[PDB]
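So the chains spell out like this:
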Amino acid sequence: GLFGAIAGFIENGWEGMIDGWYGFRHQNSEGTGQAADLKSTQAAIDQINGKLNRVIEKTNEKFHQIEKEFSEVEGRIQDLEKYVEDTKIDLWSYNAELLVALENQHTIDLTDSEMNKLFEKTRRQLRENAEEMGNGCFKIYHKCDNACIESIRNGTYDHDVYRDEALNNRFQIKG
Amino acid sequence: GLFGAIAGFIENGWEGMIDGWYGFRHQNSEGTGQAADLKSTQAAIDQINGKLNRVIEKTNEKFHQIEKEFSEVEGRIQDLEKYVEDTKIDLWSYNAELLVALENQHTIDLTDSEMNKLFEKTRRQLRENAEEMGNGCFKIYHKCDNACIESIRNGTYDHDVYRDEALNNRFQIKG
Amino acid sequence: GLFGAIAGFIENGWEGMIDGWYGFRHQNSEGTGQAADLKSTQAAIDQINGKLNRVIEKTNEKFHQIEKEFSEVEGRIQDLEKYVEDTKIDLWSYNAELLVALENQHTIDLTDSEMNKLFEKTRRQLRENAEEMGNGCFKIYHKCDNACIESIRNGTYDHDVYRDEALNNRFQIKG
Amino acid sequence: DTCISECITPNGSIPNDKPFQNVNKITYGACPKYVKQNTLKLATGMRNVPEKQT
Amino acid sequence: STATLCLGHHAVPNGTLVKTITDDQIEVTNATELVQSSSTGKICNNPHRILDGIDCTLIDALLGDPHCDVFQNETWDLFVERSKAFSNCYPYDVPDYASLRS
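The scheme used for residues numbers each chain from 1 in its written sequence order. That scheme is not guaranteed to match the entry numbering, and residues without coordinates are omitted from view. Naming scheme: in the order in which they are written, chains are lettered from A and ligands are numbered from 1. These chains belong to a larger assembly; the values given apply solely to the chains on display. Side-chain calculation: all heavy atoms of the structure are included, whereas hydrogens and water are not.

Method of determination, as annotated in the archive: X-ray crystallography, at 3.50 Å resolution.

Structure follows, in structure tokens:
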């Protein structure tokens, strides 16, 4: 949670959303149901499977080398033949023991990204038409349904046309 | 588009903005025109030429070393003198072939930053005085013009004084 | 200020807030007072002391190695014993002079995170109940006080119940 | 034995798909650069938050 | 009355721990391994040219021990020297054996 979102303010785990990596949860008149997304599920996993192609399966093919295990006490050259290879290992190790620390840590703010950039999307295509109930979930003023749903869940939503319920239930109702 | 913005939700390419690296586009009564920015255009380019000064033109001056090409078969020492240097190249290369990957990836979430920190700024110094028409561009209620523009395009904007057109054309007009 | 916040739009320095690493400043009827935070102060410092433990106090214990200072001109092996150890220091240095660069720059966009993720939280648990006066500081419509403060300063705030002062002093008053 | 495996280790012959192997510093051709660590897991997915009781 | 909209990621219960710049411990959805744990234990005759020294040691196969005749005019890509290996012929000393080998 660098970007915040995941394990940040959406502190709940979507149990078994298997139709993908993301989605919503409508509480319309027709009950409920957790819908699966794409341009975000594919988007993230698009990248993860990118940084990885980099890492996994690639370079290095060396043939005849220096020896590395030793039968008798030789001194010096021996001493050296060691300290050269040792030093290599040592290095290659730190290089690895970090390629992870980085690639990994940033693998995270990479998922905690697609999130804080979807809610931050809906909360755009629709004005005073509704607000993320407190946090986590949203709050709607219209009687949106399964059909009506294919709005946000398709970026097919008019905060203009489909606006009637605006001021109303908001700050307008008695107080 | 880690930060999202660029190549994210402002999905259009500013063709020929040459007076800088950023800017706006006013659709007032006086027609239009794409204005150029600064504390953002310089700001970003401020850092690119910083992380860069770091990379470019710097260290390393070494004189007498070990040879690296060989005329006749000597075995052992030869093998070593290679595998020592070979190892070097090999490392330095991974150190290089990444200095990029990183510096390069983060060069990006650094540009896609200034953006998502300007709209996110206009969307601060002005209350219900207007809203980013859906996404990308904005939506004004006031009759702002070439002069009135030097408001946001100068941080010179009263969402208090110059407020008149508030609730109105918004959720107020018939529905 | 990658996230923006700190040294970004909260351009003021909290002088001597010693009761932690964060907090607020209430301007209620009861005067003033800069209050200290936790889940953000312990939050960031939680992490800093995390990447650090990683760095500080860890690996490397090597006993018998190659010699590195020399009393008479030997040639070849000599040259080499140098160039090997030289190459090591050299590499190990660049690894170091960057472990810093990185861990260091990201140490930053990690503090400038907890900020831009708290104002971004208050600005969630309360609807039209108030707005960050321009920038930096907030603006309230209710007569909140020392007692009333333990609302947001405890996430114990009803933008529903304690809503009375909504539209009002906002876009409602004369204009 | 009869098979294929571009990588030979005095220890046996191993698969080169990974980037790192901790089988034996001595290798032959196409092979995972040798590392000290016996395991390094890499995140392929997003974080994770527990359903109930973890 | 109306509709409510929740949104998010997803998850699992069988999560695996990991290490990153900050946490030396965290439970991500899926992670893969990057360090070849261990091996089967047999040398693939392919795609390389393998030659079992058997009892003969390359040097001996070279000189022509009474018993390495078998390895005459041989060739390869990777000569494997065995442990149970020996030399049965006029004892000898090769100065800088290492290199004559290598």
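Let us keep going from here.
Focus: the overall build of chain E
A count of helical and extended segments in chain E gives two helices and seven strands. Comment: elements are numbered from the N terminus, with helices defined as DSSP H or I runs of at least four residues and strands as E runs of at least two. Secondary structure elements of chain E occur, N-terminal to C-terminal, as β-β-β-β-β-β-α-β-α. By the compact-globule yardstick of 13 Å for 102 residues, chain E is too spread out, its C-alpha radius of gyration being 29 Å. Based on the C-alpha atoms only, the size of chain E along its principal axes is roughly 100 × 30 × 20 Å. Three labels apply to residues, based on accessible area from a 1.4 Å probe with only protein chains included: buried if under 20% of the type maximum, exposed if over 50%, partly exposed otherwise in between. For chain E, buried positions account for 35% of its 102 residues. Throughout, radius of gyration means the C-alpha value; the globule benchmark is 2.2 Å times the number of residues raised to the power 0.38.

Digging into the interface of chain D and chain E
Across the boundary between the two partners, chain D contributes 34 residues, which contact 33 residues of chain E. Carbon and sulfur atoms make up 59% of the surface buried where chain D meets chain E, a total of about 3,200 Å² over both sides. Basic side-chain nitrogens of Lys or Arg form a salt bridge, by our definition, when they fall within 4 Å of a carboxyl oxygen of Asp or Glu. Taken together, the links from chain D to chain E amount to zero salt bridges. Counted as a polar contact is a pair of N or O atoms within 3.5 Å, where, for protein atoms, one must be capable of donating a hydrogen and the other of accepting one, and residues adjacent in sequence contribute only when both atoms are in side chains. At the boundary of chain D with chain E, the tally comes to 21 residue pairs in polar contact. Mapped by element, the contributors of at least two residues to the side of chain D that touches chain E are β1 (20-21) and β3 (41-43) of chain D. Here the side of chain D that touches chain E takes three residues from β3 of chain D, the largest share from any one element. A pair of strands is labelled paired if DSSP reports no fewer than 2 bridges between them. Where β3 of chain D meets strand β4 (residues 31-33) of chain E, three bridges bridge the pair, whose relative direction is antiparallel. In the strand pairing of β4 of chain E, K41 of chain D is matched with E33 of chain E. Whether two residues are in contact is decided by their heavy atoms, any of which lying within 4.5 Å being enough. Values labelled buried area give the accessible surface lost by two parts on being combined, using a 1.4 Å probe and summing over both.

Let's talk about the packing of helix α1 (residues 41-55) of chain B against helix α2 (residues 77-108) of chain B
Residues and elements named next belong to chain B. α2 packs onto α1 with a crossing angle of 170° between their chain directions and a minimal axis gap of 11 Å. Put simply, α1 runs roughly antiparallel to α2. Taken together, the residues of α2 that come into contact with α1 (itself represented by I48, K51, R54 and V55) are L99, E103, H106 and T107. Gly is put with the polar residues, along with every residue not named as nonpolar or charged; the nonpolar set is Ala, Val, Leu, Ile, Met, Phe, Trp, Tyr, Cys and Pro, and the charged set is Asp, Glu, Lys and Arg. Across the contact of α1 with α2, the residue classes break down as three nonpolar, two polar and three charged. Only the stretch in contact is used when fitting a helix axis, every axis being a line fitted to C-alpha atoms; angles between N-to-C directions are given from 0 to 180 degrees. Each angle gets one of four labels, with under 35 degrees taken as roughly parallel, over 145 as roughly antiparallel, 65 to 115 as roughly perpendicular, and the rest as oblique.

Section: the nonpolar core
Throughout this description, the term nonpolar core refers to a set of buried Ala, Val, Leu, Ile, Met, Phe, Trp, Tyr and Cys residues connected via side-chain atoms within 4.5 Å. Of all hydrophobic cores here, the largest spans 21 residues; its most connected members are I6, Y22 and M115 of chain A. Among the secondary structure elements, those contributing two or more residues to this core are α1 (41-55) of chain A together with α1 (41-55) of chain C. When near neighbours in sequence (up to four residues on either side) are disregarded, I6 of chain A contacts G1, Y22, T111, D112 and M115 of chain A, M46 of chain D together with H9 of chain E. With 17 residues, the next largest nonpolar core counts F24 and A35 of chain A together with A3 and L7 of chain E among its residues.

Notes on the pattern of salt bridges
Proximity of charged atoms lets side chains of opposite charge pair with each other. Enumeration according to the criterion identifies 54 salt bridges over all chains in this entry. One salt bridge in this structure joins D86 of chain C and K62 of chain B, with 3.3 Å as the shortest N-O distance. Of this pair, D86 of chain C sits in helix α2 (residues 77-108) while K62 of chain B is found in the loop between α1 and α2, placing the two residues in two different chains. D86 of chain C gets classed as partly exposed once you look at its relative accessible area, which sits at 29%.

A word on the environment of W21 of chain B
Residues and elements named next belong to chain B. On the secondary structure map, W21 appears in the segment before β1 (23-25). For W21, a relative accessible area of 43% corresponds to the partly exposed category. Considering only alpha carbons, one finds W21 and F171, 150 residues apart in sequence, at a separation of 36 Å. If we ignore the near neighbours within four places in the chain, the residues touching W21 are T41, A44, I45 and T111.

Points about the state of the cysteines
Disulfide: a pair of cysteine sulfur atoms within 2.5 Å of each other. Counted by the stated rule, this structure contains seven disulfides over all chains. Each sulfur in the disulfide pair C144 of chain B and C148 of chain B lies 2.0 Å from the other. Since a negative S-S torsion denotes a left-handed disulfide, the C144 of chain B-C148 of chain B link at about -90° is left-handed. Judged by its relative accessible area of 12%, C144 of chain B is buried. The thiol sulfur of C137 of chain C is not disulfide-bonded, and the nearest other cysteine sulfur, from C144 of chain C, lies at 15 Å. Classification of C137 of chain C by relative accessible area gives partly exposed; the value is 49%. For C89 of chain E, which is in no disulfide, the shortest distance to another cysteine sulfur is to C68 of chain E and amounts to 9.0 Å. Note on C89 of chain E: relative accessible area 43%, which makes it partly exposed.

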